[PDB]
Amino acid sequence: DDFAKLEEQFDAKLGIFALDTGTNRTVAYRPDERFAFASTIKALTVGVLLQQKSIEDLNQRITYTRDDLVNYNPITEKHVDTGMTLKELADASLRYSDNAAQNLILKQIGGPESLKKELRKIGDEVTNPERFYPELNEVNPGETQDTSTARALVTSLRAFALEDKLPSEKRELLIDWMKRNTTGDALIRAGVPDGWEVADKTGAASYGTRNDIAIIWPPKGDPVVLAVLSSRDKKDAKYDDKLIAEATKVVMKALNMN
């Protein structure tokens, strides 16, 4: 009941799945409960992009205009005049959660419907991409569009980053981007001792949805893959990062890593 206690303290619903890739030991709490995936989808999106292109092909330059910019464009809003390469867009999407970058990448891989088809091909029957930004943040309780589960996001992040859905050079690019994420310092990273390498992707959406998916490398040992998803009862609810940090501390204890 440490997970239950956190739902009580933060008045939120929590979805946890963690897999120690070294022992196949698992920590779960509502692991199959749907949540809006929010920006966590960006990680899986770069997965599919990497699978479909050579590394050299990421050097294709994408021209775009103000009309491709949406509600949060911290990198893309600076380079309308020059455009950005696919590699630069992958960096913006993963490290800054640039929503226009995600939309431009989605367009290059054939849109939300194409992304869905490529996720089913890697064995993910759960994650349901259907819309672009900004609409994908808008998910009402009980709806399944743009939702996933903690178990499915772990299984899929692991498949791309650590297994055989990508060749080693592409896994390395994806892991490196996620390792240098700038948006995650208050979430999973804040539940993990300084010095352990962490790769993560955050998200936030309606109903106070607040998510983080990560790979954690304990000093030595095989890594852990973790999803912490959360949501609240009201549409305009605020979230609290500290719920994710605290849930992460619980996982690390339950796995005897701290």
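For every residue, the number given is its place in the sequence shown, counted from 1.
- Taking the PDB entry as given, 116 to 124 carries the higher mean Cα B factor of the two stretches 116 to 124 and 89 to 97.
- Remark: stretch with higher mean C-alpha B factor among 54 to 62 and 38 to 46 is 54 to 62.
- Between the residues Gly208, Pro31, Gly221, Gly203, the entry's highest C-alpha temperature factor is the one at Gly221.
- Taking only the listed residues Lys107, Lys170, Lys165, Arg180, the entry reports the highest CA temperature factor at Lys107.
- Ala161: CA B factor lies in the middle third for its chain, per the PDB record.
- Ranked by Cα temperature factor within the chain, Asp176 sits in the lowest third according to the deposited record.
- In the PDB entry, a CA B factor belonging to the lowest third of its chain's modelled residues is recorded for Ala214.
- Among all modelled residues in its chain, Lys78 ranks in the middle third by Cα B-factor.
- The entry lists a Cα temperature factor for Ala199 that places it in the lowest third of the chain's modelled residues.
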